[PDB]
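Colleague: Supplied in structure tokens, the structure appears directly below.
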Amino acid sequence: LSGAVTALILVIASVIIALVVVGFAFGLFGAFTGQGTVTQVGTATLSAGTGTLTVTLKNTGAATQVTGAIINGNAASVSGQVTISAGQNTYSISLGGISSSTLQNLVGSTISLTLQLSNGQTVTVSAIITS
Amino acid sequence: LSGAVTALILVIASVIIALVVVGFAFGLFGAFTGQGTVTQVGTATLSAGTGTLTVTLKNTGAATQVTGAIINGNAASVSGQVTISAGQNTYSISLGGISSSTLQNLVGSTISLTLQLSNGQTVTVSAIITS
Amino acid sequence: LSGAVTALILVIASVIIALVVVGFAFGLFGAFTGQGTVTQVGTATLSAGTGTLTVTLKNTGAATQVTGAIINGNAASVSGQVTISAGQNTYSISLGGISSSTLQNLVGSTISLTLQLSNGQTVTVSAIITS
């Protein structure tokens, strides 16, 4: 009974250390290439009714704007306030191009977007879906 | 006479907690690579007289329904309120196919079930027997 | 994770050393023939919003202005600090003729320019598309 709790604390912590090391190694690409690395902070609530995505991306480097988004393997087209200035900020990106049927069907779950930067590497956004 | 019962309750429940912990650690891999993350929140109450699960399943993905349950190596059948729509609700599932003679013996105790979702992966469910 | 980082560092260093060797060969030719050669020192920034190009051209020869530039296989027009006086300096020229949206779409990445001097020679300018 005692050995099943120390076997879960270690799993929970190992999920975290590996992710921290992975993030540190991800950052080394932007640190050496000379371009800032954009990563999201917190969670995002993509709206099925409007298509607006409310992210909180933070970047440490140049000011680069996104060009496209990938939803469930289907390409999209971004719009709205897309500049991604330096420092943490809030952006109301309105993606469009995919049929709204998937958006209204998939209400409640947390899908994983892939916003495509102009400069290079993309940023993976895990966004919940609201009504 | 007193220690022989407290050395049995602890063993029986240690099996349960170890199985639940390893089920969580196993479903973590599936939710990590490709599949969903349908897990149980809390503990369920399985009636022994009529037979009805009251599980509290939380999932973030497509709507998937269970197809069969396992109660100590015995396959069962599911019918009732079983659709599992995205979110975290309470589902009343009427289990069937099990004889009403192997459950009332251990009323007031806890067992471990195994629900078989539509998308393949199985979730370990902890249930308490109620008369 | 280590292999990818090592490959990235080696790729960047290979680019830098190849460009250095090429510049050395060009300078050798210029010294042999009698007239100096315009070689860019370091990197350059090209603002997509405005079109002004900041370059660090140097030449150990006569003062020859530049007349045209090549962007993505499309000729353009130049103006501004276009004199290119003898000695290393920091010249700021304004590109003209490129479509603003196309270059705006590529903020952050690096491209290759090709300036056209008046004497009858060209200088390759690798520029970062800032904005």
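Naming scheme: A, B, ... for chains in displayed order of the structure tokens; residues 1 onward per chain; ligands 1 onward as shown.
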Please identify every residue of chain A that has at least one atom no farther than 12 Å from an atom of chain C, counting only C-alpha atoms, and for each give the shortest atom pair and the distance in Å to one decimal, arranged by chain then increasing number, as a Markdown table.

Modeller:
| residue | atom | partner | partner_atom | distance |
| --- | --- | --- | --- | --- |
| A:18 | CA | C:1 | CA | 12.0 |
| A:21 | CA | C:1 | CA | 9.9 |
| A:22 | CA | C:1 | CA | 8.3 |
| A:23 | CA | C:1 | CA | 10.9 |
| A:24 | CA | C:1 | CA | 10.4 |
| A:25 | CA | C:1 | CA | 6.9 |
| A:26 | CA | C:1 | CA | 8.6 |
| A:27 | CA | C:5 | CA | 10.4 |
| A:28 | CA | C:5 | CA | 7.4 |
| A:29 | CA | C:5 | CA | 7.0 |
| A:30 | CA | C:8 | CA | 10.4 |
| A:31 | CA | C:5 | CA | 10.7 |
| A:32 | CA | C:9 | CA | 7.4 |
| A:33 | CA | C:12 | CA | 7.7 |
| A:34 | CA | C:108 | CA | 9.5 |
| A:35 | CA | C:108 | CA | 7.0 |
| A:36 | CA | C:108 | CA | 9.0 |
| A:37 | CA | C:108 | CA | 11.3 |
| A:61 | CA | C:108 | CA | 9.7 |
| A:62 | CA | C:108 | CA | 6.9 |
| A:63 | CA | C:131 | CA | 6.9 |
| A:64 | CA | C:107 | CA | 5.6 |
| A:65 | CA | C:107 | CA | 7.0 |
| A:66 | CA | C:105 | CA | 8.6 |
| A:67 | CA | C:105 | CA | 7.2 |
| A:68 | CA | C:105 | CA | 10.8 |
| A:82 | CA | C:105 | CA | 11.3 |
| A:83 | CA | C:131 | CA | 9.7 |
| A:84 | CA | C:107 | CA | 11.2 |
| A:85 | CA | C:131 | CA | 10.2 |
| A:86 | CA | C:131 | CA | 11.8 |
| A:116 | CA | C:106 | CA | 11.8 |
| A:117 | CA | C:107 | CA | 9.0 |
| A:118 | CA | C:106 | CA | 5.4 |
| A:119 | CA | C:108 | CA | 4.3 |
| A:120 | CA | C:109 | CA | 6.8 |
| A:121 | CA | C:109 | CA | 10.4 |

Colleague: Put those residues in a file: N, CA and C atoms, as an mmCIF file, in the first residue's frame.

Modeller:
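Resulting contents of selection_24.cif:
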data_model
loop_
_atom_site.group_PDB
_atom_site.id
_atom_site.type_symbol
_atom_site.label_atom_id
_atom_site.label_comp_id
_atom_site.auth_asym_id
_atom_site.auth_seq_id
_atom_site.Cartn_x
_atom_site.Cartn_y
_atom_site.Cartn_z
ATOM 1 N N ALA A 18 11.436 15.474 -17.676
ATOM 2 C CA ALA A 18 11.655 15.235 -19.095
ATOM 3 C C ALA A 18 11.142 16.398 -19.928
ATOM 4 N N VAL A 21 13.574 19.404 -19.570
ATOM 5 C CA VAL A 21 14.778 19.212 -20.376
ATOM 6 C C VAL A 21 14.456 19.365 -21.856
ATOM 7 N N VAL A 22 13.291 18.870 -22.277
ATOM 8 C CA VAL A 22 12.885 18.988 -23.673
ATOM 9 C C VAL A 22 12.717 20.449 -24.059
ATOM 10 N N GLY A 23 12.089 21.243 -23.192
ATOM 11 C CA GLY A 23 11.955 22.664 -23.476
ATOM 12 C C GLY A 23 13.295 23.371 -23.542
ATOM 13 N N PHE A 24 14.206 23.023 -22.630
ATOM 14 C CA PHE A 24 15.529 23.637 -22.645
ATOM 15 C C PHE A 24 16.274 23.304 -23.931
ATOM 16 N N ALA A 25 16.156 22.065 -24.408
ATOM 17 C CA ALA A 25 16.789 21.688 -25.665
ATOM 18 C C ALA A 25 16.091 22.287 -26.878
ATOM 19 N N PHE A 26 14.779 22.516 -26.800
ATOM 20 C CA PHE A 26 14.076 23.212 -27.872
ATOM 21 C C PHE A 26 14.579 24.641 -28.005
ATOM 22 N N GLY A 27 14.756 25.324 -26.875
ATOM 23 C CA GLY A 27 15.212 26.704 -26.903
ATOM 24 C C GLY A 27 16.591 26.901 -27.495
ATOM 25 N N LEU A 28 17.434 25.868 -27.474
ATOM 26 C CA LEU A 28 18.785 25.985 -28.007
ATOM 27 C C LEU A 28 18.802 26.177 -29.515
ATOM 28 N N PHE A 29 17.743 25.773 -30.217
ATOM 29 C CA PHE A 29 17.682 26.027 -31.650
ATOM 30 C C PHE A 29 17.531 27.511 -31.949
ATOM 31 N N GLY A 30 16.605 28.184 -31.276
ATOM 32 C CA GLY A 30 16.434 29.608 -31.461
ATOM 33 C C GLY A 30 17.560 30.414 -30.852
ATOM 34 N N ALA A 31 18.193 29.881 -29.806
ATOM 35 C CA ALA A 31 19.309 30.595 -29.198
ATOM 36 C C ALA A 31 20.508 30.663 -30.133
ATOM 37 N N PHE A 32 20.741 29.613 -30.918
ATOM 38 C CA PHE A 32 21.885 29.570 -31.818
ATOM 39 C C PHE A 32 21.567 30.107 -33.204
ATOM 40 N N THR A 33 20.345 29.896 -33.697
ATOM 41 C CA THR A 33 19.987 30.412 -35.014
ATOM 42 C C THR A 33 19.935 31.933 -35.025
ATOM 43 N N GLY A 34 19.666 32.552 -33.880
ATOM 44 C CA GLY A 34 19.527 33.989 -33.794
ATOM 45 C C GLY A 34 18.103 34.495 -33.848
ATOM 46 N N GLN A 35 17.122 33.606 -33.954
ATOM 47 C CA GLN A 35 15.717 33.977 -33.985
ATOM 48 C C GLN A 35 15.063 33.607 -32.663
ATOM 49 N N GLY A 36 14.135 34.445 -32.213
ATOM 50 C CA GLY A 36 13.447 34.171 -30.970
ATOM 51 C C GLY A 36 12.546 32.956 -31.068
ATOM 52 N N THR A 37 12.365 32.289 -29.933
ATOM 53 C CA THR A 37 11.497 31.125 -29.833
ATOM 54 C C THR A 37 10.169 31.552 -29.225
ATOM 55 N N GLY A 61 12.730 37.400 -28.679
ATOM 56 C CA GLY A 61 13.512 37.665 -29.870
ATOM 57 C C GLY A 61 12.882 38.683 -30.796
ATOM 58 N N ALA A 62 12.989 38.450 -32.101
ATOM 59 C CA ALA A 62 12.443 39.376 -33.078
ATOM 60 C C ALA A 62 10.920 39.281 -33.123
ATOM 61 N N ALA A 63 10.301 40.299 -33.716
ATOM 62 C CA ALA A 63 8.849 40.359 -33.860
ATOM 63 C C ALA A 63 8.470 39.695 -35.179
ATOM 64 N N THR A 64 7.937 38.479 -35.097
ATOM 65 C CA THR A 64 7.568 37.696 -36.267
ATOM 66 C C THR A 64 6.086 37.355 -36.219
ATOM 67 N N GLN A 65 5.442 37.385 -37.383
ATOM 68 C CA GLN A 65 4.011 37.144 -37.502
ATOM 69 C C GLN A 65 3.762 35.765 -38.097
ATOM 70 N N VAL A 66 2.643 35.143 -37.709
ATOM 71 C CA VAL A 66 2.342 33.807 -38.208
ATOM 72 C C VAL A 66 1.756 33.907 -39.612
ATOM 73 N N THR A 67 1.785 32.790 -40.328
ATOM 74 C CA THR A 67 1.305 32.738 -41.703
ATOM 75 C C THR A 67 0.157 31.766 -41.901
ATOM 76 N N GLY A 68 0.121 30.674 -41.144
ATOM 77 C CA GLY A 68 -0.943 29.699 -41.277
ATOM 78 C C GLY A 68 -1.077 28.884 -40.011
ATOM 79 N N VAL A 82 -2.241 39.754 -35.865
ATOM 80 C CA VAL A 82 -1.124 38.821 -35.981
ATOM 81 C C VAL A 82 0.147 39.642 -36.187
ATOM 82 N N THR A 83 0.846 39.923 -35.090
ATOM 83 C CA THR A 83 2.168 40.525 -35.183
ATOM 84 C C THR A 83 3.147 39.786 -34.280
ATOM 85 N N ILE A 84 2.651 39.287 -33.146
ATOM 86 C CA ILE A 84 3.464 38.637 -32.121
ATOM 87 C C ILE A 84 4.657 39.514 -31.764
ATOM 88 N N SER A 85 4.396 40.627 -31.085
ATOM 89 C CA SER A 85 5.460 41.523 -30.664
ATOM 90 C C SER A 85 6.273 40.888 -29.538
ATOM 91 N N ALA A 86 7.408 41.511 -29.230
ATOM 92 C CA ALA A 86 8.275 41.009 -28.173
ATOM 93 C C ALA A 86 7.583 41.098 -26.820
ATOM 94 N N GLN A 116 1.929 28.325 -37.547
ATOM 95 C CA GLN A 116 3.132 28.341 -38.369
ATOM 96 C C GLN A 116 3.694 29.756 -38.422
ATOM 97 N N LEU A 117 4.921 29.920 -37.939
ATOM 98 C CA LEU A 117 5.578 31.214 -37.968
ATOM 99 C C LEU A 117 6.072 31.536 -39.373
ATOM 100 N N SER A 118 6.322 32.824 -39.610
ATOM 101 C CA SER A 118 6.904 33.234 -40.882
ATOM 102 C C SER A 118 8.397 32.940 -40.929
ATOM 103 N N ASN A 119 9.091 33.120 -39.805
ATOM 104 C CA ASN A 119 10.547 33.044 -39.817
ATOM 105 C C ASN A 119 11.047 31.614 -39.962
ATOM 106 N N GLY A 120 10.295 30.640 -39.468
ATOM 107 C CA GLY A 120 10.830 29.303 -39.333
ATOM 108 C C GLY A 120 9.953 28.375 -38.523
ATOM 109 N N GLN A 121 10.547 27.776 -37.491
ATOM 110 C CA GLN A 121 9.877 26.784 -36.662
ATOM 111 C C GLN A 121 8.500 27.261 -36.218
#

Colleague: After least-squares alignment of chain A to chain C over all Cα atoms in order, what RMSD do you get?

Modeller: 3.2 Å

Colleague: Going by DSSP on the backbone, which residues of chain C come out as strand (DSSP E)? List them as an MDAnalysis selection string.

Modeller: chainID C and resid 38:40 44:47 52:55 57:59 66:70 77:80 91:96 110:117 122:130

Colleague: Take the residues from that selection and put them in a file with N, CA and C atoms, as a short mmCIF file (atom, residue, chain, number, x, y, z; two decimals), in the first residue's frame.

Modeller:
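again_29.cif, written as the output of this step:
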data_model
loop_
_atom_site.label_atom_id
_atom_site.label_comp_id
_atom_site.auth_asym_id
_atom_site.auth_seq_id
_atom_site.Cartn_x
_atom_site.Cartn_y
_atom_site.Cartn_z
N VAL C 38 33.93 45.24 -53.41
CA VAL C 38 32.96 45.51 -52.36
C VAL C 38 32.52 44.19 -51.75
N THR C 39 32.84 43.99 -50.47
CA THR C 39 32.45 42.78 -49.75
C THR C 39 31.69 43.18 -48.49
N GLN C 40 30.53 42.57 -48.29
CA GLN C 40 29.75 42.83 -47.08
C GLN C 40 30.43 42.22 -45.87
N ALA C 44 23.20 41.72 -42.55
CA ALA C 44 22.46 42.93 -42.87
C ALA C 44 20.99 42.73 -42.55
N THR C 45 20.30 43.84 -42.29
CA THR C 45 18.88 43.82 -41.97
C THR C 45 18.11 44.60 -43.03
N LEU C 46 17.03 44.00 -43.53
CA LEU C 46 16.18 44.61 -44.54
C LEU C 46 14.77 44.70 -43.97
N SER C 47 14.30 45.93 -43.75
CA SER C 47 12.99 46.15 -43.15
C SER C 47 11.91 45.94 -44.21
N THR C 52 13.90 50.00 -46.38
CA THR C 52 15.26 50.46 -46.19
C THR C 52 16.18 49.28 -45.86
N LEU C 53 17.35 49.28 -46.48
CA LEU C 53 18.33 48.21 -46.31
C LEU C 53 19.55 48.77 -45.58
N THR C 54 19.92 48.13 -44.47
CA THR C 54 21.08 48.53 -43.69
C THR C 54 22.18 47.50 -43.93
N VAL C 55 23.28 47.93 -44.53
CA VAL C 55 24.37 47.05 -44.92
C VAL C 55 25.69 47.67 -44.48
N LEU C 57 28.78 47.49 -46.14
CA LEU C 57 29.68 47.27 -47.26
C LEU C 57 31.01 47.98 -47.05
N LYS C 58 32.09 47.33 -47.46
CA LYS C 58 33.43 47.90 -47.44
C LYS C 58 34.11 47.63 -48.77
N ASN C 59 34.99 48.55 -49.17
CA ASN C 59 35.72 48.38 -50.42
C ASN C 59 37.07 49.07 -50.32
N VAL C 66 25.98 52.08 -56.39
CA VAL C 66 25.22 50.93 -56.83
C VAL C 66 23.96 51.43 -57.53
N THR C 67 23.55 50.73 -58.59
CA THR C 67 22.45 51.18 -59.42
C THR C 67 21.19 50.33 -59.29
N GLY C 68 21.33 49.02 -59.06
CA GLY C 68 20.17 48.16 -58.96
C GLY C 68 20.40 47.04 -57.98
N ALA C 69 19.32 46.33 -57.67
CA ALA C 69 19.36 45.20 -56.75
C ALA C 69 18.44 44.11 -57.26
N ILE C 70 18.71 42.88 -56.83
CA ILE C 70 17.94 41.71 -57.23
C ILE C 70 17.32 41.11 -55.98
N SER C 77 14.78 48.97 -57.68
CA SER C 77 15.44 50.26 -57.81
C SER C 77 15.95 50.69 -56.44
N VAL C 78 17.02 51.48 -56.43
CA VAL C 78 17.69 51.86 -55.19
C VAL C 78 17.76 53.38 -55.10
N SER C 79 17.89 53.87 -53.87
CA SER C 79 18.02 55.29 -53.59
C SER C 79 18.53 55.45 -52.16
N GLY C 80 18.88 56.68 -51.80
CA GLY C 80 19.36 56.97 -50.47
C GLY C 80 20.86 57.09 -50.38
N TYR C 91 26.08 51.81 -44.73
CA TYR C 91 25.22 52.46 -45.71
C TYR C 91 23.78 52.01 -45.54
N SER C 92 22.85 52.96 -45.69
CA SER C 92 21.42 52.69 -45.59
C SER C 92 20.76 53.11 -46.90
N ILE C 93 20.33 52.13 -47.69
CA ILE C 93 19.69 52.38 -48.97
C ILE C 93 18.24 51.90 -48.89
N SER C 94 17.39 52.52 -49.70
CA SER C 94 15.96 52.22 -49.72
C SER C 94 15.64 51.45 -51.00
N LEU C 95 15.23 50.20 -50.85
CA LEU C 95 14.86 49.39 -52.00
C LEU C 95 13.52 49.86 -52.56
N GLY C 96 13.39 49.81 -53.88
CA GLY C 96 12.16 50.23 -54.52
C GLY C 96 11.75 49.34 -55.68
N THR C 110 16.14 34.73 -43.33
CA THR C 110 17.23 35.38 -44.04
C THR C 110 17.20 34.98 -45.51
N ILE C 111 17.48 35.94 -46.39
CA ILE C 111 17.51 35.72 -47.82
C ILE C 111 18.84 36.23 -48.36
N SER C 112 19.00 36.15 -49.68
CA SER C 112 20.21 36.61 -50.35
C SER C 112 19.85 37.68 -51.37
N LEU C 113 20.52 38.82 -51.28
CA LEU C 113 20.34 39.91 -52.22
C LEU C 113 21.46 39.88 -53.26
N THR C 114 21.41 40.82 -54.20
CA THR C 114 22.48 40.96 -55.18
C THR C 114 22.46 42.41 -55.65
N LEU C 115 23.37 43.22 -55.11
CA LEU C 115 23.48 44.61 -55.51
C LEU C 115 24.26 44.72 -56.81
N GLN C 116 23.94 45.74 -57.60
CA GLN C 116 24.57 45.95 -58.90
C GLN C 116 25.33 47.27 -58.85
N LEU C 117 26.66 47.19 -58.81
CA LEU C 117 27.49 48.38 -58.77
C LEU C 117 27.55 49.04 -60.14
N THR C 122 29.12 42.94 -58.96
CA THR C 122 28.03 42.71 -58.03
C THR C 122 28.58 42.27 -56.68
N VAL C 123 27.86 42.62 -55.62
CA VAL C 123 28.19 42.21 -54.27
C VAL C 123 27.00 41.46 -53.69
N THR C 124 27.24 40.25 -53.19
CA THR C 124 26.19 39.47 -52.56
C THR C 124 25.97 39.96 -51.14
N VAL C 125 24.71 40.18 -50.78
CA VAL C 125 24.34 40.72 -49.47
C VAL C 125 23.29 39.78 -48.88
N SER C 126 23.66 39.05 -47.84
CA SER C 126 22.69 38.25 -47.11
C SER C 126 22.01 39.11 -46.06
N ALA C 127 20.68 39.19 -46.12
CA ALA C 127 19.94 40.14 -45.32
C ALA C 127 18.87 39.43 -44.50
N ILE C 128 18.69 39.89 -43.27
CA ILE C 128 17.63 39.40 -42.40
C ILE C 128 16.40 40.27 -42.60
N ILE C 129 15.26 39.64 -42.86
CA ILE C 129 14.03 40.38 -43.11
C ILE C 129 13.41 40.77 -41.78
N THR C 130 13.78 41.94 -41.26
CA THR C 130 13.24 42.43 -40.01
C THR C 130 12.02 43.30 -40.27
#

Colleague: In Å, how far is it from atom CA of residue 101 of chain C to atom CA of residue 97 of chain A?

Modeller: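 Taking atom CA of residue 101 of chain C as the start and atom CA of residue 97 of chain A as the end point, the length is 20.3 Å.
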
Colleague: Go through chain A and collect every residue that DSSP, computed from the backbone, puts in helix (DSSP H, G or I); the answer should be as a ChimeraX atom specification.

Modeller: /A:6-33,100-105

Colleague: Those same residues - N, CA and C atoms - I'd like them written as an mmCIF file, in the first residue's frame.

Modeller:
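Below you can see again-v1.cif, which holds the result:
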data_model
loop_
_atom_site.group_PDB
_atom_site.id
_atom_site.type_symbol
_atom_site.label_atom_id
_atom_site.label_comp_id
_atom_site.auth_asym_id
_atom_site.auth_seq_id
_atom_site.Cartn_x
_atom_site.Cartn_y
_atom_site.Cartn_z
ATOM 1 N N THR A 6 4.830 6.071 -3.691
ATOM 2 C CA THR A 6 6.143 6.481 -4.164
ATOM 3 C C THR A 6 6.372 6.088 -5.614
ATOM 4 N N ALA A 7 5.612 5.127 -6.133
ATOM 5 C CA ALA A 7 5.691 4.766 -7.539
ATOM 6 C C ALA A 7 4.851 5.672 -8.423
ATOM 7 N N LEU A 8 4.020 6.526 -7.834
ATOM 8 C CA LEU A 8 3.261 7.517 -8.582
ATOM 9 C C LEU A 8 3.848 8.913 -8.466
ATOM 10 N N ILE A 9 4.410 9.255 -7.306
ATOM 11 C CA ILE A 9 5.085 10.543 -7.172
ATOM 12 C C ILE A 9 6.236 10.636 -8.163
ATOM 13 N N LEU A 10 7.013 9.561 -8.286
ATOM 14 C CA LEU A 10 8.110 9.520 -9.240
ATOM 15 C C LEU A 10 7.645 9.601 -10.686
ATOM 16 N N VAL A 11 6.541 8.954 -11.048
ATOM 17 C CA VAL A 11 6.005 9.087 -12.402
ATOM 18 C C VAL A 11 5.577 10.520 -12.690
ATOM 19 N N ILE A 12 4.871 11.139 -11.741
ATOM 20 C CA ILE A 12 4.421 12.516 -11.919
ATOM 21 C C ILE A 12 5.613 13.448 -12.087
ATOM 22 N N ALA A 13 6.659 13.253 -11.283
ATOM 23 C CA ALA A 13 7.838 14.104 -11.390
ATOM 24 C C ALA A 13 8.653 13.822 -12.646
ATOM 25 N N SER A 14 8.681 12.570 -13.103
ATOM 26 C CA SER A 14 9.427 12.236 -14.306
ATOM 27 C C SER A 14 8.753 12.788 -15.549
ATOM 28 N N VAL A 15 7.430 12.921 -15.524
ATOM 29 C CA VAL A 15 6.720 13.560 -16.626
ATOM 30 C C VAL A 15 7.171 15.014 -16.732
ATOM 31 N N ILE A 16 7.565 15.605 -15.605
ATOM 32 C CA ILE A 16 7.897 17.021 -15.535
ATOM 33 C C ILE A 16 9.361 17.283 -15.871
ATOM 34 N N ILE A 17 10.281 16.481 -15.324
ATOM 35 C CA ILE A 17 11.703 16.707 -15.593
ATOM 36 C C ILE A 17 12.002 16.521 -17.073
ATOM 37 N N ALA A 18 11.436 15.474 -17.676
ATOM 38 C CA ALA A 18 11.655 15.235 -19.095
ATOM 39 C C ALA A 18 11.142 16.398 -19.928
ATOM 40 N N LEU A 19 9.965 16.923 -19.585
ATOM 41 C CA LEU A 19 9.421 18.059 -20.318
ATOM 42 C C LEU A 19 10.278 19.307 -20.143
ATOM 43 N N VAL A 20 10.821 19.528 -18.945
ATOM 44 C CA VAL A 20 11.682 20.687 -18.724
ATOM 45 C C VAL A 20 12.946 20.582 -19.567
ATOM 46 N N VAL A 21 13.574 19.404 -19.570
ATOM 47 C CA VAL A 21 14.778 19.212 -20.376
ATOM 48 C C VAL A 21 14.456 19.365 -21.856
ATOM 49 N N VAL A 22 13.291 18.870 -22.277
ATOM 50 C CA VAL A 22 12.885 18.988 -23.673
ATOM 51 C C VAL A 22 12.717 20.449 -24.059
ATOM 52 N N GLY A 23 12.089 21.243 -23.192
ATOM 53 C CA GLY A 23 11.955 22.664 -23.476
ATOM 54 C C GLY A 23 13.295 23.371 -23.542
ATOM 55 N N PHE A 24 14.206 23.023 -22.630
ATOM 56 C CA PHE A 24 15.529 23.637 -22.645
ATOM 57 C C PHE A 24 16.274 23.304 -23.931
ATOM 58 N N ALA A 25 16.156 22.065 -24.408
ATOM 59 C CA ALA A 25 16.789 21.688 -25.665
ATOM 60 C C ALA A 25 16.091 22.287 -26.878
ATOM 61 N N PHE A 26 14.779 22.516 -26.800
ATOM 62 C CA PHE A 26 14.076 23.212 -27.872
ATOM 63 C C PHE A 26 14.579 24.641 -28.005
ATOM 64 N N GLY A 27 14.756 25.324 -26.875
ATOM 65 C CA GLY A 27 15.212 26.704 -26.903
ATOM 66 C C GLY A 27 16.591 26.901 -27.495
ATOM 67 N N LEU A 28 17.434 25.868 -27.474
ATOM 68 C CA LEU A 28 18.785 25.985 -28.007
ATOM 69 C C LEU A 28 18.802 26.177 -29.515
ATOM 70 N N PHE A 29 17.743 25.773 -30.217
ATOM 71 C CA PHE A 29 17.682 26.027 -31.650
ATOM 72 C C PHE A 29 17.531 27.511 -31.949
ATOM 73 N N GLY A 30 16.605 28.184 -31.276
ATOM 74 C CA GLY A 30 16.434 29.608 -31.461
ATOM 75 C C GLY A 30 17.560 30.414 -30.852
ATOM 76 N N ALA A 31 18.193 29.881 -29.806
ATOM 77 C CA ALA A 31 19.309 30.595 -29.198
ATOM 78 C C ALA A 31 20.508 30.663 -30.133
ATOM 79 N N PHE A 32 20.741 29.613 -30.918
ATOM 80 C CA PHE A 32 21.885 29.570 -31.818
ATOM 81 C C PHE A 32 21.567 30.107 -33.204
ATOM 82 N N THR A 33 20.345 29.896 -33.697
ATOM 83 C CA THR A 33 19.987 30.412 -35.014
ATOM 84 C C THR A 33 19.935 31.933 -35.025
ATOM 85 N N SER A 100 -16.986 24.642 -40.691
ATOM 86 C CA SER A 100 -17.390 24.863 -39.308
ATOM 87 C C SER A 100 -18.016 23.632 -38.667
ATOM 88 N N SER A 101 -18.353 22.610 -39.458
ATOM 89 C CA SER A 101 -19.007 21.426 -38.910
ATOM 90 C C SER A 101 -18.130 20.737 -37.873
ATOM 91 N N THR A 102 -16.835 20.598 -38.163
ATOM 92 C CA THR A 102 -15.925 19.994 -37.197
ATOM 93 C C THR A 102 -15.849 20.825 -35.924
ATOM 94 N N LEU A 103 -15.829 22.153 -36.063
ATOM 95 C CA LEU A 103 -15.751 23.016 -34.890
ATOM 96 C C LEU A 103 -16.990 22.884 -34.012
ATOM 97 N N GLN A 104 -18.182 22.836 -34.613
ATOM 98 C CA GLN A 104 -19.381 22.712 -33.788
ATOM 99 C C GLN A 104 -19.536 21.302 -33.231
ATOM 100 N N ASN A 105 -19.000 20.296 -33.924
ATOM 101 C CA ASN A 105 -19.106 18.926 -33.433
ATOM 102 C C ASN A 105 -18.160 18.710 -32.257
#
